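Since the structure comes first, as structure tokens, the remarks are kept for the end.
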There are 2 protein chains.
Amino acid sequence: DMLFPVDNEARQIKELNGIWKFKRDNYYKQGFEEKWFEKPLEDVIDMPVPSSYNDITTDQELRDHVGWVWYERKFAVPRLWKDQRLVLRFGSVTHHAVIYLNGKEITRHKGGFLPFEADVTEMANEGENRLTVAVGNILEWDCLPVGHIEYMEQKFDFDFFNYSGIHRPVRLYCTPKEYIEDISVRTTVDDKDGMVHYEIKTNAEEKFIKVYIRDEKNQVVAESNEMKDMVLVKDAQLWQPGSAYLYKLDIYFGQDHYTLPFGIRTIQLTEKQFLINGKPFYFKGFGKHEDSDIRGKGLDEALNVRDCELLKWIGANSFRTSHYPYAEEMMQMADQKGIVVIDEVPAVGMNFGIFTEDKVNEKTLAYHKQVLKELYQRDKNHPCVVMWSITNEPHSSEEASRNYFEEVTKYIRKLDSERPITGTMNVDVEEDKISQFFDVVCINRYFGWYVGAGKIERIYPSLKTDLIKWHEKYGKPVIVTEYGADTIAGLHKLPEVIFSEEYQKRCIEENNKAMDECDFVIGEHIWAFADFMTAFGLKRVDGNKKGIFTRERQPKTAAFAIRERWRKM
Amino acid sequence: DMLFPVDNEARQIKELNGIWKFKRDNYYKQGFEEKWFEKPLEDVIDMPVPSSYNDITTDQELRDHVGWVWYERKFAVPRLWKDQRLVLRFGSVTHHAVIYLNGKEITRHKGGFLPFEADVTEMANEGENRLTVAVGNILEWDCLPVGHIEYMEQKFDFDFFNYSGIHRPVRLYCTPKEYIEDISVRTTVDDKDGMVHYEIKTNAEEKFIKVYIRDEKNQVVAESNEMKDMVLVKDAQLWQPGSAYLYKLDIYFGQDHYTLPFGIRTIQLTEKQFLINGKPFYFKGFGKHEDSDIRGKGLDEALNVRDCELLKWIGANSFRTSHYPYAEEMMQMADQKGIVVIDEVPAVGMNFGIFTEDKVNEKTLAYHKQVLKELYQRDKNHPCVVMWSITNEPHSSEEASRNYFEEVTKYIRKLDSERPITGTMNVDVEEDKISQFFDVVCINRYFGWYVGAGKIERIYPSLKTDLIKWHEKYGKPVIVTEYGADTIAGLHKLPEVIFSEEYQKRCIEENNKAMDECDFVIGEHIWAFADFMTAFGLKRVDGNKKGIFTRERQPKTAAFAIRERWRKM
Ligand SMILES: [Ca+2]
Ligand SMILES: [Ca+2]
């Protein structure tokens with residue numbers, strides 16, 4: 001149950017962002033042992049919310065902290081909210097949360113990239129309250145992303161910095177006590193007419209509802225009094241890639257009111273094409289990251305607008321949420337700009353045996369299904385989402401992974417019978433044991449970088465050969481979901497060398513030549529959109545330098561050649 | 001015989017540098033099999049000499065060439081040289097040479113860092129002559145440095161670019177037909193008095209000779225008519241680190257004349273000290289390279305003066321010739337500037353079983369002794385050379401390496417009974433099997449970089465422990481011959497991260513703290529002096545970035561903290 005909070009005449013949002021008080025444990029779980037939540041925090045510093053905490057201070061100990069940290073602020077409940085339902089919402093807490101209201105625990109959460117909330121109607125006092133949030137960053141074999149602890153040092157095999165903090169907005173909001181809990185929308189098209197299937201869940205199903213469908217002019221085009229209905233939109237304005245159209249499911253229920261934007265669009269996979277509204281779609285874009293200077297993974301909407309301007313400028317039509325769900329604000333923006341999205345759960349780091357009883361096991365599986373349920377509940381109504389990605393680069397050569405991912409694939413397909421399912425490959429085509437469960441084959445391939453570094457002449461034959469093998473083995477359309485080269489801005493050389501701006505351009509260009517000679521490729525996603533931070537390592541010059549743009553969102557040389565190609569496509 | 005050529009009333013040098021014609025093979029050994037030397041080269045480009053050829057052109061195929069290339073120019077013999085002995089000298093040809101004069105082969109050479117010559121008295125014509133030089137860059141298991149060919153790709157394990165070309169001056173010179181062939185000088189000191197032991201070898205030994213010893217104002221201070229003698233120098237000005245004094249052995253022999261600079265200084269080792277003229281010497285400096293922009297490993301005397309100015313500025317007193325003998329010009333400069341040198345043979349890359357019948361074997365051994373003989377013959381008379389280094393980072397954990405390096409160390413001790421012998425370690429101290437053969441133990445250690453990257457607080461405990469183990473195992477004084485961290489100029493961060501300027505400074509500090517607590521450490525050589533080029537690899541951002549100075553010889557931040565330490569030491 002996770003409708004995005006709204007403001008209208010009936011519902012109201014109180015943002016709890018700004019500056020909080022903050023302190024870290026000085027030994028493992030010190031805050032829980034000493035019950036720091038039972039009184040205000042002492043010996044604290046300021047910490048912005050939303051933001052990672054790791055890059056804010058000058059303190060290497062805080063940057064590299066392993067374990068739990070403690071946030072605290074105060075909030076008020078006005079007299080005017082006296083008889084309302086009160087909800088405290090967290091867009092995310094990375095990775096693990098324990099929430100305390102006035103010294104008492106009210107909820108917990110596992111998973112750093114999906115929202116959660118707590119009903120505090122009967123617990124919050126009028127006037128001042130104290131909100132205390134314990135934030136833990138430890139990843140074990142039953143978390144997503146996967147990791148483990150050694151003796152404490154945090155180990156993991158994914159390539160992005162394990163930022164921790166309150167990365168997304170914290171909201172206290174009110175609704176009437178009889179209210180709209182959940183909404184599902186599915187759409188079909190018969191030539192010119194759209195059909196809108198909706199289902200609305202309330203906590204008083206016998207009472208009266210009024211449902212409108214409004215166009216972008218806010219004009220009513222359909223109307224009903226049923227909580228579940230199928231309604232026809234004559235001459236429907238379809239939601240198109242690069243040309244969004246959003247209708248509004250506008251719902252009056254008792255004293256309550258909720259308005260849900262949605263797009264009318266169809267998806268169909270053929271043998272070798274990806275069809276949106278019947279017309280072939282070729283993915284041009286990037287896997288991204290929630291990453292920028294100072295604030296780590298913290299939501300930054302000005303950064304988001306800049307990134308969308310860059311995506312439009314360079315001719316991209318799509319992105320993948322590597323390697324975790326992004327903020328709903330980004331998903332709303334993609335809905336509005338007509339950007340096509342591959343939505344991914346954080347099942348990353350399942351690589352180096354990995355699928356064994358003492359590591360990635362049935363407990364990991366059950367949590368993997370739960371994360372998918374939550375992702376679906378949050379994003380099921382976004383027209384921008386066209387595909388679910390259930391994993392990034394698992395060690396799928398292991399025979400034990402076959403049963404694991406058959407279970408995961410069956411689960412998401414039971415939740416959602418309409419969008420294709422996929423996941424990205426890094427093992428050899430000959431060894432993979434899971435891609436047969438997918439509708440689209442996605443491969444991460446770094447010819448000219450991790451294979452044959454510097455050997456420009458070998459990139460084109462290498463990727464073409466591999467692509468054909470992937471198509472011959474599975475007979476499905478193929479997306480190259482990652483390829484590129486680390487590139488230091490300002491590093492030029494003639495003849496070109498790895499890390500130079502010229503090499504990045506040539507590397508991408510030869511990979512593209514291989515893709516252009518295949519008839520079953522339905523997309524190219526360059527890695528990476530922008531330089532981002534990684535865990536420290538000798539192959540990472542202050543992070544991952546595969547960005548086509550710098551971390552400050554300025555283009556390297558290759559960006560202009562990619563634009564010339566994508567704008568002609 | 002390898003006396004450095006001189007100009008005087010009796011001997012004359014003609015430099016053959018400038019711009020040659022140049023062309024590479026298009027398939028393996030093409031010029032040999034098509035017999036290109038028989039006529040002037042056709043379809044050629046210009047190539048400077050001395051210089052590597054790899055970074056001169058815009059052509060990747062030449063930069064990465066494997067095999068042979070061809071150089072050619074014309075030279076003149078003047079009428080005035082009619083009755084002289086004529087010698088063609090190459091300072092070096094990297095790696096393999098075949099020399100042709102007017103289309104006939106006159107000599108060959110294996111080894112890219114030591115000089116060779118050919119008597120051309122009987123073959124050169126008056127007036128114009130055609131000089132053709134085939135230059136090969138293939139390294140095999142019995143070459144130094146070590147490498148091997150796979151299927152044609154060059155493999156090797158050392159960490160510097162395999163530049164090829166004619167890196168040092170080419171000289172045609174004349175002497176009388178009866179002439180001075182070789183000179184050896186050894187010195188002892190008795191209070192304030194030097195004894196100069198010398199031994200002159202000539203072309204006609206029964207004839208009469210006159211030997212003067214001259215001070216720096218050109219005044220005779222000893223004299224003799226013997227080919228072999230000891231002559232006393234009372235109140236002898238000693239050659240001192242940082243304050244050089246050079247006498248001259250001035251020899252007249254028939255029509256011939258040769259003047260040999262030399263220095264009076266003594267070396268002695270105790271179990272905790274390195275004594276030069278009785279005073280303890282603590283090595284402060286760097287392993288270097290012959291490397292600069294555009295010209296690869298080509299000799300550049302302006303660059304050498306700038307380097308020596310920077311060594312003086314930073315308070316360095318020494319360098320090691322990593323990992324091959326340097327140009328004699330640099331050795332003369334060290335003689336004149338009072339810089340102490342560890343002189344090293346190119347026995348690098350014997351690492352990844354290495355010491356096996358099929359790899360490093362008896363052929364490599366015999367060649368290793370041969371290069372030591374040649375290095376000793378060239379540099380025996382340099383006061384700046386205080387120690388021979390016979391290897392860099394061999395895989396000396398193999399039992400088979402024990403007998404190998406016992407042979408090598410025995411041999412160099414037979415050539416030179418006065419200078420200490422060493423070789424640099426990278427294997428674990430518990431595994432090493434050869435350092436008992438050395439007079440000084442030298443270790444390459446990168447705590448904070450290759451071990452425990454980024455963990456500043458573990459550098460000091462890690463190196464101190466390792467240092468004490470090396471001393472406990474062998475009971476000899478220890479030089480840390482390499483330590484440091486890759487550093488991108490302009491990369492700053494707070495807190496610091498690997499690759500940042502601030503990290504390089506802290507990493508060297510913590511290593512220095514460990515050395516300051518170990519009384520048996522007699523030297524600290526930072527790696528590296530200046531950023532230099534490497535074979536391409538994902539850990540090498542346009543080469544090796546451990547330079548304290550940039551490749552263009554400007555300091556990074558850590559240079560100023562090093563200077564403070566070394567100048568007050
Ligand atoms: Ca959010
Ligand atoms: Ca020379």
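Labels for the structure tokens follow display order: chains A, B, ..., residues from 1 in each chain, ligands from 1.
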
Residues near stretch 77-87 of chain A, cut-off 6 Å, only C-alpha atoms, skip fewer than 5 positions along chain, as number ranges by chain: A: 118-121, 126-127, 172-177

Selection within 8 Å of ligand 1 by only C-alpha atoms and all ligand atoms, output as a VMD selection string: chain A and resid 90 to 92 115 168 to 169 327 to 329

What would the file look like if the residues just selected were written as an mmCIF file, in the first residue's frame with C-alpha atoms?
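Writing done, so here's part-v9.cif:
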```cif
data_model
loop_
_atom_site.group_PDB
_atom_site.id
_atom_site.type_symbol
_atom_site.label_atom_id
_atom_site.label_comp_id
_atom_site.auth_asym_id
_atom_site.auth_seq_id
_atom_site.Cartn_x
_atom_site.Cartn_y
_atom_site.Cartn_z
ATOM 1 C CA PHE A 90 10.070 7.875 4.306
ATOM 2 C CA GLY A 91 10.871 7.834 0.584
ATOM 3 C CA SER A 92 13.892 5.719 1.581
ATOM 4 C CA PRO A 115 9.580 3.892 0.620
ATOM 5 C CA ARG A 168 14.783 10.855 -0.093
ATOM 6 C CA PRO A 169 12.216 13.251 1.397
ATOM 7 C CA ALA A 327 13.233 8.368 -6.393
ATOM 8 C CA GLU A 328 9.611 8.525 -7.493
ATOM 9 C CA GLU A 329 10.256 12.162 -8.422
#
```

Every residue of stretch 372-488 of chain B that DSSP places in helix (DSSP H, G or I), as a PyMOL selection string: chain B and resi 372-379+400-415+435-437+456-474

Residues within 10 Å of residue A:116, only C-alpha atoms, excluding chain neighbours under 4 positions, as a ChimeraX atom specification: /A:1-2,88-93,97,107-111,374

Residues of chain B were defined as contacting chain A if any atom lay at most 12 Å from it, counting only C-alpha atoms; please report them as a PDB file with N, CA and C atoms, in the first residue's frame.
```pdb
ATOM      1  N   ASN B  54      58.548   5.651 -31.108  1.00  0.00           N
ATOM      2  CA  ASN B  54      57.150   5.254 -30.877  1.00  0.00           C
ATOM      3  C   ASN B  54      56.198   6.443 -30.717  1.00  0.00           C
ATOM      4  N   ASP B  55      56.642   7.551 -30.131  1.00  0.00           N
ATOM      5  CA  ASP B  55      55.746   8.666 -29.860  1.00  0.00           C
ATOM      6  C   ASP B  55      55.938   9.826 -30.827  1.00  0.00           C
ATOM      7  N   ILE B  56      56.688   9.620 -31.906  1.00  0.00           N
ATOM      8  CA  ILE B  56      56.970  10.700 -32.844  1.00  0.00           C
ATOM      9  C   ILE B  56      55.813  10.880 -33.830  1.00  0.00           C
ATOM     10  N   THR B  57      55.246   9.779 -34.343  1.00  0.00           N
ATOM     11  CA  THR B  57      54.250   9.890 -35.401  1.00  0.00           C
ATOM     12  C   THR B  57      52.830   9.870 -34.833  1.00  0.00           C
ATOM     13  N   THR B  58      51.863  10.080 -35.723  1.00  0.00           N
ATOM     14  CA  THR B  58      50.447  10.018 -35.386  1.00  0.00           C
ATOM     15  C   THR B  58      49.871   8.636 -35.621  1.00  0.00           C
ATOM     16  N   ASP B  59      50.727   7.676 -35.928  1.00  0.00           N
ATOM     17  CA  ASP B  59      50.356   6.370 -36.451  1.00  0.00           C
ATOM     18  C   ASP B  59      50.397   5.336 -35.325  1.00  0.00           C
ATOM     19  N   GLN B  60      49.237   4.760 -34.988  1.00  0.00           N
ATOM     20  CA  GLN B  60      49.199   3.731 -33.949  1.00  0.00           C
ATOM     21  C   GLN B  60      49.986   2.476 -34.334  1.00  0.00           C
ATOM     22  N   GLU B  61      49.980   2.102 -35.615  1.00  0.00           N
ATOM     23  CA  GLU B  61      50.662   0.874 -36.006  1.00  0.00           C
ATOM     24  C   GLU B  61      52.164   0.953 -35.722  1.00  0.00           C
ATOM     25  N   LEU B  62      52.757   2.141 -35.849  1.00  0.00           N
ATOM     26  CA  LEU B  62      54.172   2.284 -35.544  1.00  0.00           C
ATOM     27  C   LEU B  62      54.418   2.313 -34.037  1.00  0.00           C
ATOM     28  N   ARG B  63      53.600   3.055 -33.288  1.00  0.00           N
ATOM     29  CA  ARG B  63      53.733   3.094 -31.833  1.00  0.00           C
ATOM     30  C   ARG B  63      53.780   1.691 -31.242  1.00  0.00           C
ATOM     31  N   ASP B  64      52.888   0.813 -31.699  1.00  0.00           N
ATOM     32  CA  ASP B  64      52.728  -0.538 -31.178  1.00  0.00           C
ATOM     33  C   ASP B  64      53.491  -1.590 -31.997  1.00  0.00           C
ATOM     34  N   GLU B 153      52.482 -11.143 -30.630  1.00  0.00           N
ATOM     35  CA  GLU B 153      52.286 -10.202 -29.535  1.00  0.00           C
ATOM     36  C   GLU B 153      53.448 -10.275 -28.553  1.00  0.00           C
ATOM     37  N   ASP B 293      58.343  13.295 -22.608  1.00  0.00           N
ATOM     38  CA  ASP B 293      57.403  13.468 -23.714  1.00  0.00           C
ATOM     39  C   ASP B 293      58.117  13.457 -25.069  1.00  0.00           C
ATOM     40  N   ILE B 294      57.370  13.031 -26.096  1.00  0.00           N
ATOM     41  CA  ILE B 294      57.732  13.024 -27.518  1.00  0.00           C
ATOM     42  C   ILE B 294      58.826  12.014 -27.840  1.00  0.00           C
ATOM     43  N   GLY B 448      49.828   0.839   1.770  1.00  0.00           N
ATOM     44  CA  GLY B 448      48.990   1.951   1.412  1.00  0.00           C
ATOM     45  C   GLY B 448      48.632   2.035  -0.062  1.00  0.00           C
ATOM     46  N   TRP B 449      49.255   1.222  -0.929  1.00  0.00           N
ATOM     47  CA  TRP B 449      48.870   1.212  -2.337  1.00  0.00           C
ATOM     48  C   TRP B 449      48.529  -0.194  -2.821  1.00  0.00           C
ATOM     49  N   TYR B 450      49.530  -1.040  -3.071  1.00  0.00           N
ATOM     50  CA  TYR B 450      49.228  -2.404  -3.504  1.00  0.00           C
ATOM     51  C   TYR B 450      48.783  -3.305  -2.368  1.00  0.00           C
ATOM     52  N   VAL B 451      49.101  -2.957  -1.127  1.00  0.00           N
ATOM     53  CA  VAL B 451      48.617  -3.674   0.044  1.00  0.00           C
ATOM     54  C   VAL B 451      47.859  -2.672   0.902  1.00  0.00           C
ATOM     55  N   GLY B 452      46.588  -2.959   1.159  1.00  0.00           N
ATOM     56  CA  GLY B 452      45.770  -2.083   1.972  1.00  0.00           C
ATOM     57  C   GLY B 452      45.600  -0.708   1.359  1.00  0.00           C
ATOM     58  N   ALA B 453      45.159  -0.646   0.096  1.00  0.00           N
ATOM     59  CA  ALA B 453      44.942   0.635  -0.561  1.00  0.00           C
ATOM     60  C   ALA B 453      44.010   1.486   0.281  1.00  0.00           C
ATOM     61  N   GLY B 454      44.355   2.764   0.433  1.00  0.00           N
ATOM     62  CA  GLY B 454      43.505   3.711   1.112  1.00  0.00           C
ATOM     63  C   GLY B 454      43.527   3.671   2.626  1.00  0.00           C
ATOM     64  N   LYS B 455      44.170   2.680   3.247  1.00  0.00           N
ATOM     65  CA  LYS B 455      44.097   2.531   4.711  1.00  0.00           C
ATOM     66  C   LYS B 455      45.352   3.130   5.337  1.00  0.00           C
ATOM     67  N   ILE B 456      45.311   4.455   5.501  1.00  0.00           N
ATOM     68  CA  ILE B 456      46.494   5.217   5.889  1.00  0.00           C
ATOM     69  C   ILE B 456      47.034   4.725   7.222  1.00  0.00           C
ATOM     70  N   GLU B 457      46.140   4.427   8.163  1.00  0.00           N
ATOM     71  CA  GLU B 457      46.543   4.073   9.517  1.00  0.00           C
ATOM     72  C   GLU B 457      47.235   2.717   9.587  1.00  0.00           C
ATOM     73  N   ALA B 485      52.666   6.197  -4.362  1.00  0.00           N
ATOM     74  CA  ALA B 485      51.254   6.088  -4.719  1.00  0.00           C
ATOM     75  C   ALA B 485      50.978   6.870  -5.998  1.00  0.00           C
ATOM     76  N   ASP B 486      50.099   6.338  -6.849  1.00  0.00           N
ATOM     77  CA  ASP B 486      49.766   7.037  -8.089  1.00  0.00           C
ATOM     78  C   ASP B 486      49.001   8.309  -7.755  1.00  0.00           C
ATOM     79  N   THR B 487      49.268   9.377  -8.499  1.00  0.00           N
ATOM     80  CA  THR B 487      48.734  10.673  -8.109  1.00  0.00           C
ATOM     81  C   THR B 487      48.449  11.493  -9.356  1.00  0.00           C
ATOM     82  N   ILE B 488      47.173  11.814  -9.574  1.00  0.00           N
ATOM     83  CA  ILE B 488      46.767  12.666 -10.683  1.00  0.00           C
ATOM     84  C   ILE B 488      46.915  14.116 -10.243  1.00  0.00           C
ATOM     85  N   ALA B 489      47.786  14.867 -10.921  1.00  0.00           N
ATOM     86  CA  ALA B 489      47.930  16.288 -10.613  1.00  0.00           C
ATOM     87  C   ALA B 489      46.584  17.009 -10.711  1.00  0.00           C
ATOM     88  N   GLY B 490      46.260  17.804  -9.696  1.00  0.00           N
ATOM     89  CA  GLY B 490      45.006  18.519  -9.682  1.00  0.00           C
ATOM     90  C   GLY B 490      43.863  17.777  -9.042  1.00  0.00           C
ATOM     91  N   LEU B 491      44.040  16.503  -8.731  1.00  0.00           N
ATOM     92  CA  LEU B 491      43.031  15.757  -7.997  1.00  0.00           C
ATOM     93  C   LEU B 491      43.223  16.035  -6.510  1.00  0.00           C
ATOM     94  N   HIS B 492      42.253  16.709  -5.898  1.00  0.00           N
ATOM     95  CA  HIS B 492      42.260  17.038  -4.485  1.00  0.00           C
ATOM     96  C   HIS B 492      41.005  16.472  -3.835  1.00  0.00           C
ATOM     97  N   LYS B 493      41.126  16.029  -2.581  1.00  0.00           N
ATOM     98  CA  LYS B 493      39.915  15.644  -1.871  1.00  0.00           C
ATOM     99  C   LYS B 493      40.124  15.698  -0.364  1.00  0.00           C
ATOM    100  N   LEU B 494      39.040  16.019   0.331  1.00  0.00           N
ATOM    101  CA  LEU B 494      39.037  16.136   1.784  1.00  0.00           C
ATOM    102  C   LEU B 494      37.779  15.471   2.335  1.00  0.00           C
ATOM    103  N   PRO B 495      37.891  14.323   3.023  1.00  0.00           N
ATOM    104  CA  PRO B 495      39.134  13.596   3.339  1.00  0.00           C
ATOM    105  C   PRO B 495      39.817  13.044   2.085  1.00  0.00           C
ATOM    106  N   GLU B 496      41.101  12.705   2.175  1.00  0.00           N
ATOM    107  CA  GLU B 496      41.858  12.308   0.994  1.00  0.00           C
ATOM    108  C   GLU B 496      41.473  10.907   0.541  1.00  0.00           C
ATOM    109  N   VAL B 497      41.669  10.657  -0.754  1.00  0.00           N
ATOM    110  CA  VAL B 497      41.405   9.370  -1.380  1.00  0.00           C
ATOM    111  C   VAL B 497      42.634   9.010  -2.206  1.00  0.00           C
ATOM    112  N   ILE B 498      42.802   7.712  -2.467  1.00  0.00           N
ATOM    113  CA  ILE B 498      43.859   7.299  -3.375  1.00  0.00           C
ATOM    114  C   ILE B 498      43.662   8.018  -4.710  1.00  0.00           C
ATOM    115  N   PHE B 499      44.789   8.330  -5.367  1.00  0.00           N
ATOM    116  CA  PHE B 499      44.988   9.130  -6.569  1.00  0.00           C
ATOM    117  C   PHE B 499      45.019  10.623  -6.286  1.00  0.00           C
ATOM    118  N   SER B 500      44.630  11.079  -5.100  1.00  0.00           N
ATOM    119  CA  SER B 500      44.671  12.504  -4.818  1.00  0.00           C
ATOM    120  C   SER B 500      46.073  12.923  -4.402  1.00  0.00           C
ATOM    121  N   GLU B 501      46.352  14.218  -4.590  1.00  0.00           N
ATOM    122  CA  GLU B 501      47.642  14.778  -4.197  1.00  0.00           C
ATOM    123  C   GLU B 501      47.862  14.638  -2.697  1.00  0.00           C
ATOM    124  N   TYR B 503      46.675  12.291  -0.661  1.00  0.00           N
ATOM    125  CA  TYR B 503      46.955  10.917  -0.264  1.00  0.00           C
ATOM    126  C   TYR B 503      48.420  10.554  -0.505  1.00  0.00           C
ATOM    127  N   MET B 533      55.866   6.671 -18.928  1.00  0.00           N
ATOM    128  CA  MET B 533      54.972   5.874 -19.763  1.00  0.00           C
ATOM    129  C   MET B 533      55.121   4.384 -19.473  1.00  0.00           C
ATOM    130  N   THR B 534      53.992   3.684 -19.484  1.00  0.00           N
ATOM    131  CA  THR B 534      53.929   2.240 -19.328  1.00  0.00           C
ATOM    132  C   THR B 534      53.205   1.616 -20.518  1.00  0.00           C
ATOM    133  N   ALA B 535      53.428   0.319 -20.716  1.00  0.00           N
ATOM    134  CA  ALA B 535      52.515  -0.472 -21.526  1.00  0.00           C
ATOM    135  C   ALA B 535      51.082  -0.265 -21.027  1.00  0.00           C
ATOM    136  N   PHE B 536      50.108  -0.409 -21.918  1.00  0.00           N
ATOM    137  CA  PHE B 536      48.743  -0.026 -21.567  1.00  0.00           C
ATOM    138  C   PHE B 536      48.139  -1.014 -20.577  1.00  0.00           C
ATOM    139  N   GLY B 537      47.374  -0.490 -19.623  1.00  0.00           N
ATOM    140  CA  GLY B 537      46.759  -1.309 -18.592  1.00  0.00           C
ATOM    141  C   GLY B 537      45.762  -0.488 -17.814  1.00  0.00           C
ATOM    142  N   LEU B 538      44.807  -1.187 -17.200  1.00  0.00           N
ATOM    143  CA  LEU B 538      43.696  -0.500 -16.556  1.00  0.00           C
ATOM    144  C   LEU B 538      44.079   0.142 -15.229  1.00  0.00           C
ATOM    145  N   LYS B 539      45.277  -0.132 -14.719  1.00  0.00           N
ATOM    146  CA  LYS B 539      45.775   0.544 -13.523  1.00  0.00           C
ATOM    147  C   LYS B 539      46.678   1.733 -13.848  1.00  0.00           C
ATOM    148  N   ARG B 540      46.869   2.036 -15.127  1.00  0.00           N
ATOM    149  CA  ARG B 540      47.876   2.993 -15.584  1.00  0.00           C
ATOM    150  C   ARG B 540      47.200   4.113 -16.364  1.00  0.00           C
ATOM    151  N   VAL B 541      46.977   5.241 -15.690  1.00  0.00           N
ATOM    152  CA  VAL B 541      46.270   6.375 -16.289  1.00  0.00           C
ATOM    153  C   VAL B 541      47.271   7.137 -17.151  1.00  0.00           C
ATOM    154  N   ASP B 542      47.287   6.840 -18.450  1.00  0.00           N
ATOM    155  CA  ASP B 542      48.320   7.338 -19.357  1.00  0.00           C
ATOM    156  C   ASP B 542      49.719   7.157 -18.750  1.00  0.00           C
ATOM    157  N   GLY B 543      49.972   5.966 -18.223  1.00  0.00           N
ATOM    158  CA  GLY B 543      51.276   5.621 -17.715  1.00  0.00           C
ATOM    159  C   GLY B 543      51.258   5.497 -16.206  1.00  0.00           C
ATOM    160  N   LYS B 545      51.731   7.052 -12.638  1.00  0.00           N
ATOM    161  CA  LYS B 545      51.502   8.384 -12.087  1.00  0.00           C
ATOM    162  C   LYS B 545      52.056   8.531 -10.676  1.00  0.00           C
TER     163      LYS B 545
END
```

Distance query residue B:165 at most 8 Å, only C-alpha atoms, self and fewer than 2 positions along chain excluded, as a PyMOL selection string: chain B and resi 50-53+93-95+135+163+167

Would you mind exporting N, CA and C atoms of the selected residues as an mmCIF file, in the first residue's frame?
```cif
data_model
loop_
_atom_site.group_PDB
_atom_site.id
_atom_site.type_symbol
_atom_site.label_atom_id
_atom_site.label_comp_id
_atom_site.auth_asym_id
_atom_site.auth_seq_id
_atom_site.Cartn_x
_atom_site.Cartn_y
_atom_site.Cartn_z
ATOM 1 N N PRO B 50 69.205 11.207 -31.396
ATOM 2 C CA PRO B 50 68.632 10.115 -30.601
ATOM 3 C C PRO B 50 67.170 10.363 -30.178
ATOM 4 N N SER B 51 66.355 9.305 -30.111
ATOM 5 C CA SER B 51 64.942 9.367 -29.731
ATOM 6 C C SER B 51 64.376 7.957 -29.860
ATOM 7 N N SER B 52 63.313 7.677 -29.116
ATOM 8 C CA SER B 52 62.511 6.528 -29.509
ATOM 9 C C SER B 52 61.709 6.905 -30.741
ATOM 10 N N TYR B 53 61.311 5.899 -31.528
ATOM 11 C CA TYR B 53 60.421 6.186 -32.648
ATOM 12 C C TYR B 53 58.931 6.133 -32.299
ATOM 13 N N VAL B 93 71.402 0.974 -28.860
ATOM 14 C CA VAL B 93 70.347 0.695 -29.825
ATOM 15 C C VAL B 93 69.397 -0.265 -29.130
ATOM 16 N N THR B 94 68.126 0.108 -29.026
ATOM 17 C CA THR B 94 67.176 -0.611 -28.181
ATOM 18 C C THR B 94 66.167 -1.347 -29.058
ATOM 19 N N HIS B 95 66.163 -2.683 -29.018
ATOM 20 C CA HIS B 95 66.989 -3.544 -28.178
ATOM 21 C C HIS B 95 68.127 -4.242 -28.922
ATOM 22 N N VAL B 135 66.809 -2.119 -36.326
ATOM 23 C CA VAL B 135 66.547 -1.977 -34.892
ATOM 24 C C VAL B 135 65.374 -2.880 -34.533
ATOM 25 N N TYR B 163 59.783 1.081 -25.295
ATOM 26 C CA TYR B 163 60.249 2.003 -26.321
ATOM 27 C C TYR B 163 61.396 1.371 -27.091
ATOM 28 N N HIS B 167 68.477 5.557 -28.993
ATOM 29 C CA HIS B 167 68.218 6.452 -27.876
ATOM 30 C C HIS B 167 69.409 7.310 -27.494
#
```

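Each of B:68, B:404, B:326, B:286 was compared to ligand 2 using only C-alpha atoms and all ligand atoms, and B:326 turns out to be the nearest.
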
Distance criterion (only C-alpha atoms): nearest to residue B:426 out of B:102, B:409, B:202, B:397: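 Distance minimum relative to residue B:426 lands on B:397.
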
Residue A:470 surroundings by only C-alpha atoms, 12 Å radius, close-in-sequence under 3 positions cut, as a ChimeraX atom specification: /A:425-432,435-436,440-445,463-467,473-480,518,520-521

Distance in Å - atom CA of residue A:275 versus atom CA of residue A:339: 14.8 Å

DSSP strand (DSSP E or B) selection over stretch 48-241 of chain B, as JSON, numbers by chain: {"B": [48, 51, 52, 68, 69, 70, 71, 72, 73, 74, 75, 76, 77, 85, 86, 87, 88, 89, 90, 94, 96, 97, 98, 99, 100, 101, 104, 105, 106, 107, 108, 109, 110, 116, 117, 118, 119, 127, 128, 129, 130, 131, 132, 133, 134, 135, 136, 148, 149, 150, 153, 154, 155, 165, 166, 170, 171, 172, 173, 174, 175, 180, 181, 182, 183, 184, 185, 186, 187, 188, 189, 190, 193, 194, 195, 196, 197, 198, 199, 200, 201, 202, 209, 210, 211, 212, 213, 214, 220, 221, 222, 223, 224, 228, 229, 230, 231, 232, 233, 240]}
